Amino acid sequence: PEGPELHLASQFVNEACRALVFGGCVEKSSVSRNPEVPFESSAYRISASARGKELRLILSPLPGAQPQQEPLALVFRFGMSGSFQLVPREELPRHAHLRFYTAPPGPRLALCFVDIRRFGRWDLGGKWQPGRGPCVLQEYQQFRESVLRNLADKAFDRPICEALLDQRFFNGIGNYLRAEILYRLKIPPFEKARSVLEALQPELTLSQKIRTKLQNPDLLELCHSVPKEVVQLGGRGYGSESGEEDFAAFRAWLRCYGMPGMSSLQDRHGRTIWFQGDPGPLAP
């Protein structure tokens, strides 16, 4: 998955669980190789936040809840088929590998992490993955400063289409985003990364920026604004029944990835990069 989805998923959990009270233990399917979640509370609230391609759930016991339980955070990585779904207790999805059940007050429901392929993972604790940089959606300024400050890193000797997938610097950018981003600026996917960013190495006022930056956004600005477009398009459809409608809108939003006429190549990782025109000097 890519940044927009994790963000939208987090929004869904928070909104759906805002007034729900969960209780009991957190159940993991026997088949799941992920860790068991030591937790038990008669009444707790679930909240979530996202950062790049990671979603963090926080389980917070309500006052009076028993037995004594400290808040617990869990960080998830969705994988190809992972998702969060809120369903009726008697309709648990066949591939629900981690489940949280609502407490007696009101209709019995279950928040589930569903993942048929089981590529998804979760770890105990609220610590984000070591080395992942700032989220391109929620931490734009920190994301940008970190890239410019570390341009000397060997990560930028690779072609731009490959560096865009390096989560140490572009946390949240995935295969369809790098294609759409590069297409907006018509930047050859195999141009040396540092070469495309070098020029970017309380200065300009708003009037100056409006005159020379507004209609000429740079690669780093788009790493934030492009995925933000997907977030706006997605609205509050995650977790609902508007899946068909949402994918149709996403399909229409794409300008390059998997589009007719567009060229395609395989990077050193085997991932397909879509582009239009010149592939670049470092093309395989």
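All residue numbers are counted from 1 along the displayed sequence.
Legend entry - Between neighbours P202 and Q201, residues that the deposited sequence lists but the model omits: Per the deposited record, the segment joining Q201 and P202 lacks coordinates for 4 to 9 residues.
Legend entry - Of 39-47 and 239-247, the one with larger mean CA B-factor: Higher mean C-alpha B-factor in the PDB entry: 239-247.
Inset, instruction - Select between 76-84 and 155-163 the stretch whose C-alpha atoms have the higher average B-factor in the entry. - result: Between 76-84 and 155-163, it is 155-163.
Legend entry - Member of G120, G133, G172, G125 with the greatest C-alpha B factor (per the PDB record): Within the set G120, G133, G172, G125, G125 shows the top C-alpha B-factor.
Inset, instruction - Go through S225, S29, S60, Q66 one by one and give the residue whose Cα B-factor in the PDB entry is largest. - result: Largest recorded C-alpha B-factor: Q66.
Inset, instruction - Using the B-factor values recorded in the entry, state whether the Cα atom of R211 falls in the lowest, middle or highest third among the modelled residues of its chain. - result: Highest third.
Inset, instruction - Could you look up the Cα B-factor of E191 in the entry and say which third of the chain it sits in: lowest, middle or highest? - result: Highest third.
Inset, instruction - Within this chain's modelled residues, let me know which third the CA B factor of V114 belongs to: lowest, middle or highest. - result: Lowest third.
Inset, instruction - Can you work out whether the C-alpha temperature factor of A103 puts it in the lowest, middle or highest third of the chain? - result: Ranked within chain, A103 CA B lands in the highest tercile.
Inset, instruction - State the tercile, meaning the lowest, middle or highest third, of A96 with respect to the CA B-factors recorded for its chain. - result: Tercile = lowest for this residue's CA B-factor.
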